[PDB]
Amino acid sequence: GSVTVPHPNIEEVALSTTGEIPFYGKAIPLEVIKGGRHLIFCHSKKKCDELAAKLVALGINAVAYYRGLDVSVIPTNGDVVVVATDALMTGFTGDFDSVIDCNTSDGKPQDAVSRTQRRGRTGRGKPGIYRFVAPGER
C-alpha cells in the first residue's frame, strides 16, 4: 500500500465555512492566507485564475501557477499567497506560513504522496499550518 511520512512540524487543520474566499463548499478565512505568504493547492486551472485575482480584491496578493502559466508569484516581499496545482513545485518554496489544500486532484481524491508532497511546504523554520477540504474523506 502507500505509506505517507508523518510531519509534526506542520499543524493540520480542517477547512470549514468561515471567511470571505469561498473554496469547494468551504470558506477560507483570510486569516489563513492573509498576514504573510501562503500556498493554496487547487485541482483546476480555471479556479486558479479567479481564486488568485479575487484575493487581490480581498487585499491579498495572490498568484495562480499551473501548466502554461507565467512566473508571477513573488515570495520576496508583500504578503503574497500562491494558489497553484503541481506546477509551482517546491524548488524554491518552503517560506510559507500555511498551505490550504482541497485534498483532491483533477476532481479525484489526492493520492498518498499528494498530501505528502503538498504538506511539505509550510514549516520551514517554524510550524507550518495545513488546511484540507476532504468532502467525504478523513
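- As recorded in the entry header, the structure was determined using solution NMR.

## Section: unusual backbone geometry
Leave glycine aside and you will find that most residues have negative phi; peptide bonds, for their part, are mostly trans.
Here comes step 1: Of note, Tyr24 is a non-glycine position whose phi angle comes to about 60 degrees, a positive value.
Here comes step 2: Owing to a relative accessible area of 21%, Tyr24 belongs among the partly exposed residues under this scheme.
Here comes step 3: For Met89, which is not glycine, the phi dihedral falls at a positive 55 degrees.
Here comes step 4: The topology assignment puts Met89 in the loop between strand 6 (80-84) and strand 7 (98-101).

## A few points about helix 1 (residues 45-58)
Here comes step 1: The end-to-end C-alpha separation of helix 1 is 20 Å, in line with the 20 Å expected for 14 residues at 1.5 Å each.
Here comes step 2: Those residues of helix 1 lying buried are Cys48, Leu51, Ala52 and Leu55. Taken around the axis of helix 1, the buried residues stretch over an arc of 95 degrees, which confines them to a single face. Counted as exposed and oriented over 90 degrees from the buried face of helix 1: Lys46, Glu50 and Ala57.
Here comes step 3: Buried residues along helix 1 sit against strand 2 (21-22), strand 4 (38-41), strand 5 (61-65) and strand 6.

## Concerning helix 2 (residues 112-119)
Here comes step 1: Along helix 2, the residues classified as buried are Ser114, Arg118 and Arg119. What you see down the axis of helix 2 is that its buried residues fit within an arc of 115 degrees, all on one side.
Here comes step 2: Looking at the packing, one finds that the buried side of helix 2 touches strand 1 (10-14), strand 4, strand 7, strand 8 (104-105) and strand 10 (128-132).

## What about the sheet that holds strand 4?
Here comes step 1: Spatial strand order, 1-10-7-4-6-5: six strands in an open sheet with parallel pairing. Strand pairing shows two members of the sheet lacking a second neighbour, strand 1 and strand 5, which therefore form its edges. In this sheet, neighbouring strand axes are inclined to one another by 20 degrees on average, regardless of whether the strands run parallel or antiparallel.
Here comes step 2: Against the sheet, helix 1 engages strand 4, strand 5 and strand 6, with an angle of about 170 degrees to strand 5.

Reading the values: rules and limits
- Residues numbered from 1 in each chain as written, not as in the entry; some residues may be left out.
- Heavy atoms only, no water.
- Buried < 20%, exposed > 50% of the residue type's maximum accessible area, 1.4 Å probe, protein only.
- Helix = DSSP H or I, 4+ residues; strand = E, 2+ residues; numbered from the N terminus.
- Expected span 1.5 Å × (residues − 1).
- Arc of directions from axis to C-beta.
- Contact = heavy atoms within 4.5 Å.
- Pairing = 2+ DSSP bridges.
- Axes fitted to C-alpha atoms, helices over the stretch in contact; angles between N-to-C directions.

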